[PDB]
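1. Just dropping in an experimental structure and the matching sequence.
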Amino acid sequence: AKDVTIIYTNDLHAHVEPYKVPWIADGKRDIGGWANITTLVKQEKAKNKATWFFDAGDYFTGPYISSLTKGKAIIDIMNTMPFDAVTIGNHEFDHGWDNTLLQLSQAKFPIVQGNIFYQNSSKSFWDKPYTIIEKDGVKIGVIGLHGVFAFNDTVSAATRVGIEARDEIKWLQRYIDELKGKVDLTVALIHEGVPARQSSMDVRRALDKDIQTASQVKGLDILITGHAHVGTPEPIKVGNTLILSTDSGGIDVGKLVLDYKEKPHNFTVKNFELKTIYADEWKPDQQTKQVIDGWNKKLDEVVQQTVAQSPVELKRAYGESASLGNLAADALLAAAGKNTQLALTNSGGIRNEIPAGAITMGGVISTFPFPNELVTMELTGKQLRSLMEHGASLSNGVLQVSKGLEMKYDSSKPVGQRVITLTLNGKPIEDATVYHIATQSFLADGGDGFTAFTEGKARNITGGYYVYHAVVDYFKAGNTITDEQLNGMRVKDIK
Ligand SMILES: Nc1ccn([C@@H]2O[C@H](CO)[C@@H](O)[C@H]2O)c(=O)n1
Ligand SMILES: [Cl-]
Ligand SMILES: [Fe+3]
Ligand SMILES: [Mn+2]
C-alpha cells in the first residue's frame, strides 16, 4: 500500500492575495491567497513523494491584476506554484483565443486540453489532450476537457471566432481508453456545467452535469470539476469515479488521500478534506509573494487613482437587483446618452464587492473586469420580455436593469412563464413597441443564452469602451451613488 495524494483547486479567478468574503466571518477575516496555497502544497509534497496538484481552469479574471495584464501576471505567478497539470477554462479566453495561446505558452507547468478545435477542421486548438505524470512509481494520466454547453454559454462570442469545443463525453471516453493500460490512475480536469452564482450572499447551484458525465463514461477514477464554484466537502461517488471540486477563488483547497495497492484503477479513500484557507493560519510562500508584489508595484500608478466614494460596501446579487447591478446599468444608460430608454447588463459579469470609502480604479476594474464594449440597439417589448424570462429562469442569473425599469418574477412558476410584471417608468412594456436600449458586447452577441439581443436593430458598438470605463465616467460626470441605487429592488422574486 502507498499513499497517493491529490491536491486540487478550480476557479481561482486571479484572487492572488488574501481577501474578504461577505459570507465568511461576516467579511472580517481574510481568506485565500495564492502564496498561502503554495505553502500548503509545498508542505504536502515534502511529506509524501506521491502527491499531485491539479487545477480545473478559470485562473484568469477577477482582481485587476488579470485584466490589466491579459492574464500574463497570472501565468507568471502560477509559474512559482507547484502545479502538476491544469486545464483551460472559459475565462482563459476573455482577451481572445490568440491571447490564450500567447499567455499559456509561457506556463512552466503542463496544460492539458483535448476537445477545443478549429471550426470546420480536425485541428486541435491546444497541443496536449492529456499527459502522464509519474511520481514514486505511480503513473497518473490527466485529461483536460471543456463542456460544449459551458463553452458556448460563457465564452464571449468575439473571443472564440473560428474555434469550438466538441462532444466532451466522446473525447473523455476516447482518452480514458487510450490511457487504460498505460497508467495506475486516470484523472479528468473538466470545466463544465452551469456558471457560478455571482452574489454577495441567492440561486441554487449544484454539480448535476458532473454526475451525469461520470455516469456516462467507464474507467474514470477521478473527475475534478470547475465552472460551478460548488465545493465537494465529501467526494461525490458515481460508480468507481470520485467527483471533486472547490468553492473557488482559493477559499478552499481539496486534499484527497488514496490507498493504492498496485492494481490499476483500484483504490480506497484514506482521507479527504476540503480545507478553508484563512490567511492568518498560513505563512505565505516568499517567492510567490515576491512575484505578486512586483506586479502590484507595476500596476499601482494606474489602479490607485480615486474615482468615487460610497458610504457602504456595494454588493451584488444573482437573482435580484443589488447596488452594483443598479449602478452598472445606470452607468451604461448615462454613457449611451439621452435617446436611450433603458440599459441591461448581466449579473454574472459583476465579480466582486466594492468596499465602503474611497473607490479606486482598481476596485472598479476588479468588479467589472471584462472587455465588454458599450452597445446600443432597438428591441421590441416582446424581445425585452423574452430576455427578462431568460433572466428569471436563473440559468445565468437575472439581468440587472437601469432606473425606471421594474420587473417582478416568481421562481415557483415554470421556466418561461415566470415574469409577473414588467414596466418602464410605470407603464407596462408592450409587445410591438420598439425600445431604445443599451447593453454591452457580451450580451449583444447572445452571451449567457440571452439570445434575443442578437435580434436587435440599429446596432452601434463603441470600440474599446468597456463597462468599467462607463462606471468611471458616470462619476466623472458628477453623478453619485444614490439611495435608490443602494436600496432599489428593480428586479425582484415574489415567490
Ligand atoms: N466577456 C465576458 C465573459 C464572461 N462573462 C460572465 O462570466 C460568467 C462566467 O463566469 C458568464 O456567465 C458571464 O456572466 C461576462 O460577463 N463577460
Ligand atoms: Cl457543459
Ligand atoms: Fe467557468
Ligand atoms: Mn469560474
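-> Sure, I can see it. Numbering: from 1, shown residues only. Ligands and ions are numbered 1, 2, ... in the order given.
2. Please report how far the closest residue to ligand 2 within the chain lies from residue 301.
-> Taking Cβ to the ion as the measure, the chain has residue 147 as its residue closest to ligand 2, at 2.2 Å. Using the backbone N, CA and C atoms, a C-beta is placed for each residue, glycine as well. For residue 147, the distance to residue 301 equals 40 Å [Cβ to Cβ, to the nearest Å].
3. neighbour-wise, which of the two wins?
-> The neighbour comparison of residue 147 against residue 301 (other Cβ atoms under 10 Å) goes to residue 147, with 25 against 9.
4. Quick check, the more buried one in contact with residue 191.
-> Yes. Here residue 147 reaches residue 191: they are 6.7 Å apart, a contact under Cβ atoms under 8 Å.
5. Now do the shared contacts for the two.
-> Residues touching both residue 147 and residue 191 by Cβ atoms under 8 Å, 6 or more residues apart in numbering: residue 227.
6. still on that earlier bit, phi, psi of the closest residue to the residue of the chain closest to ligand 2 other than its chain neighbours?
-> With Cβ to Cβ, 6 or more residues apart in numbering as the criterion, residue 147 has its nearest non-adjacent residue at 2.9 Å, and that residue is residue 192. When read as degrees, to the nearest 10, the backbone of residue 192 gives phi -160, psi 160.
7. what's the burial count for residue 192?
-> 26.
8. again with residue 237
-> So residue 237, with other Cβ under 10 Å, has 12 neighbours.
9. Begin at 24, not 1, for the rest of this chat.
-> With the count now opening at 24, the last piece we talked about shows up as residue 260.
10. Shouldn't it be within a helix?
-> No. Under the criterion used here (DSSP: H, G, I helix; E, B strand; the rest coil), residue 260 is strand, not part of a helix.
11. ok, the helix or strand encompassing residue 196 near ligand 2 or not?
-> Element membership for residue 196 (DSSP states H and E) is helix 191-202. No. Remark: helix 191-202 sits outside contact range of ligand 2, by Cβ under 5 Å from the ion, the gap being at least 6.9 Å.
12. does stretch 69-89 come close to ligand 4?
-> Yes. For stretch 69-89, a contact with ligand 4 is found by Cβ under 5 Å from the ion, at residue 81.
13. Distance across that stretch, terminal residue to terminal residue?
-> End-to-end distance for stretch 69-89, by Cα to Cα, to the nearest Å: 30 Å.
14. Only the buried residues of it, if you could.
-> Within stretch 69-89, the residues scored as buried using 16 or more other Cβ atoms under 10 Å are 73-89.
15. which SS state does residue 317 fall under?
-> The three-state label given to residue 317 by three-state DSSP is helix.
16. List the residues that contact it.
-> Counted by Cβ under 8 Å, 6+ apart, residue 317 has zero contacts.
17. what about it, distance to residue 403?
-> 52 Å.
18. what's the answer for residue 66, then?
-> 60 Å.
19. same thing with residue 139?
-> 36 Å.
20. Pick out the residue of this protein closest to ligand 3.
-> Taking Cβ to the ion, the chain has residue 250 as its residue nearest ligand 3, at 4.0 Å.
21. Double-check that residue against residue 174; I have them as touching.
-> No. At 9.9 Å, residue 250 does not count as touching residue 174 under the criterion of Cβ under 8 Å.
22. Find residues that contact each of the two.
-> residue 113.
23. Settle it for me: which of these two has more neighbours?
-> residue 250 (32 against 23).
24. Spell out the residue ranges of the helices in this structure.
-> Taking DSSP state H, the helices of the chain run over residues 57-70, 87-90, 95-101, 120-127, 171-177, 191-202, 231-239, 309-326, 346-359, 384-390, 404-415, 464-467, 490-499, 506-510.
25. Could you dump those into TSV and include distance to ligand 3?
-> Shown next, in TSV, are these (distance: least, Cβ to the ion, whole Å):
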stretch	distance to ligand 3
helix 57-70	18
helix 87-90	14
helix 95-101	15
helix 120-127	14
helix 171-177	6
helix 191-202	14
helix 231-239	12
helix 309-326	23
helix 346-359	20
helix 384-390	17
helix 404-415	19
helix 464-467	14
helix 490-499	19
helix 506-510	29
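26. got the residues of the protein near ligand 4?
-> Close to ligand 4, as judged by Cβ under 5 Å from the ion, the chain has residues 34, 81.
27. Could you pick out the residues of the chain near ligand 1 for me?
-> Applying Cβ under 6 Å from any ligand atom, we find that the chain lies next to ligand 1 at 117, 177, 179, 218-219, 369, 371-372, 393, 395, 419, 465, 471.
28. Closest to residue 298 out of the residues you listed?
-> Among the residues of the chain next to ligand 1, residue 219 lies closest to residue 298 (Cβ to Cβ), at 20.0 Å.
29. For the closest one, grab the count of nearby residues.
-> Residue 219 has 24 neighbours, counted by other Cβ under 10 Å.
30. and the residue of the chain closest to ligand 2, what is it in contact with?
-> Per Cβ under 8 Å, 6+ apart, neighbours of residue 170: 188, 191, 213-216, 232, 250.
31. Near ligand 3, which residues of the stretch 174-323 of the chain are found?
-> residue 250.
32. Show me what residue of the stretch 174-323 of the chain gets nearest to ligand 4.
-> residue 219 (5.3 Å).
33. Please name the residues that touch that residue.
-> Applying Cβ under 8 Å, 6+ apart, we find residue 219 in contact with 34, 228, 250-253, 271, 371.
34. surely residue 390 meets residue 376?
-> Yes. Applying Cβ under 8 Å, one finds residue 390 in contact with residue 376, separated by 7.3 Å.
35. which residues are common contacts for the two?
-> 337, 339, 347.
36. tally of neighbours for the second one?
-> In other words, residue 339. Neighbours of residue 339 using other Cβ under 10 Å come to 28.
37. Let me see the contact set for residue 212.
-> 77-80, 108-110, 135, 165-168, 247, 249.
38. Could you report the neighbour count for the nearest residue to residue 62 once chain neighbours are set aside?
-> With Cβ to Cβ, 6+ apart as the criterion, residue 62 has its nearest non-adjacent residue at 4.9 Å, and that residue is residue 308. A count of neighbours around residue 308, defined by other Cβ under 10 Å, yields 23.
39. got the contact list for residue 308?
-> Contacts of residue 308 were listed using Cβ under 8 Å, 6+ apart, and they are 58-59, 61-62, 65, 103.
40. Would you format those as JSON lines with neighbour count and distance to residue 238 included?
-> Listed next are the contacts of residue 308 as JSON lines, based on neighbours: other Cβ atoms under 10 Å; distance: Cβ to Cβ, whole Å:
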{"residue": "58", "neighbour count": "26", "distance to residue 238": "38"}
{"residue": "59", "neighbour count": "26", "distance to residue 238": "36"}
{"residue": "61", "neighbour count": "24", "distance to residue 238": "35"}
{"residue": "62", "neighbour count": "19", "distance to residue 238": "37"}
{"residue": "65", "neighbour count": "17", "distance to residue 238": "36"}
{"residue": "103", "neighbour count": "18", "distance to residue 238": "38"}
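41. what two of the residues you listed are the furthest from one another?
-> 59 and 103, at 12.7 Å, using Cβ to Cβ across the contacts of residue 308.
42. number of nearby residues for whichever residue of the chain sits closest to ligand 1?
-> At 2.3 Å from ligand 1, residue 371 is the closest residue in the chain, using Cβ to the nearest ligand atom. For residue 371, the tally of surrounding residues (other Cβ under 10 Å) stands at 20.
43. For it, list the residues it contacts.
-> 177, 218-219, 221, 341, 419-420, 471.
44. give me that answer again for 10 Å
-> By Cβ atoms under 10 Å, 6 or more residues apart in numbering, the contact set of residue 371 is 176-177, 218-221, 339, 341, 393, 419-420, 465, 470-471.
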